[PDB]
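Shown here is one chain on its own, the form deposited in one PDB entry, set out as structure tokens.
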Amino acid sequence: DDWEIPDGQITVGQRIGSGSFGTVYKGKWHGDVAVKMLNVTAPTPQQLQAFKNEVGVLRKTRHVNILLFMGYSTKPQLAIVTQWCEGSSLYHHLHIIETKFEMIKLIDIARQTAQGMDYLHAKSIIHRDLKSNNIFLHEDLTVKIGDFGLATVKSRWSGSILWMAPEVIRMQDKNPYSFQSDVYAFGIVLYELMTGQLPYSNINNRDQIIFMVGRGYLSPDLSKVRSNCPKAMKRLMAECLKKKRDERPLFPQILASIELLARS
């Protein structure tokens, strides 16, 4: 199956986001696009195949709340091409430039994020790295979820611990990821949305945050939420953040909860 973009077609503009996993630029291909170049130097035929399989999984998605896969390139560098969103991440808005969102918009961010996640889940994809860094806000104020590609490949060939549920944080199981681990991360995003800040700010040792959340000694202080946060959401958040994996709701539930209180 060929969503393969022949090299020469893509002009590669300014760089937007580094990271060992790959570097992202704004480019041109039938208009604005985002091009993510992988840092894999010389992939072998096998590495090339793993990549196409993982792309295979990217082509299972078509939803307004999922950043739009448009193509991939094989030479001279492995790359993923997606739609270009004019805007900033949720992490940028919340923690870098402190954008003040009216409560109605916060909740709407939450609705749209849950929508997209329910979609991924409907298609049996697990994100493994939902964080406010991967939630983008279009100028419209449509949310796009990103960076769910290449889960397997990222592993084989670091700053997401605030979003990791305990099972994830303590690699005991070979594969600790699941829908409810995604749901936990989403809860952390709720926390960001309604406290306006990241968890565990008053603790300064990463190794120790890792230990303590991982054993259930540490969880996010929910009393920090803004006073005009609906009670139903403080509750929902709490339930997403349950330390025990099997106590966390799935996304169809979450979505209905958030859409009911979106009428009050």
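Only residues modelled in both forms are compared. Throughout, we count residues from 1 along the sequence that is shown. Superpose the two forms; the largest set of C-alphas matching within 1.5 Å is the rigid core.
Beyond the structure shown, there is the form solved in complex with a partner chain, which is absent from this document and is the topic of what follows.
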Is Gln172 near its partner chain? Define near as a heavy atom within 4.5 Å, in the bound PDB entry.
yes
Does at least one non-hydrogen atom of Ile161 fall within 4.5 angstroms of its partner chain in the bound PDB entry?
yes
May I ask you to state whether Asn53 is within 4.5 Å of its partner chain in the bound PDB entry, using heavy atom distances?
no
Against its partner chain in the bound PDB entry, would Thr74 count as a contact residue? Criterion: heavy atoms within 4.5 Å.
no
Looking between this form and the one not shown after fitting on the rigid core, I'd like to know which of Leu198, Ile210, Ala50, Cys229 has a C-alpha displacement of 2 Å or more.
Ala50
For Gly146, does the CA position differ by 2 Å or more between this form and the one not shown when the superposition is done on the rigid core?
no
Indicate whether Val64 shows a C-alpha shift of 2 Å or more between this form and the one not shown, with the rigid core used for the fit.
no
After superposition on the rigid core, does the Cα atom of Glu98 shift by at least 2 Å between this form and the one not shown?
no
Between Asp118 and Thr152, do the C-alpha atoms lie closer or farther in the bound PDB entry than in the shown form, with a difference of 3 angstroms or more?
closer
Look at the CA atoms of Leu130 and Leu150: state whether they lie closer or farther apart in the bound PDB entry than in this form, given a difference of 3 Å or more.
closer
Just list the residue ranges, at least 3 long, where Cα displacement is 2 Å or more throughout between this form and the one not shown after aligning on the core.
39-41, 43-54, 149-157, 173-175
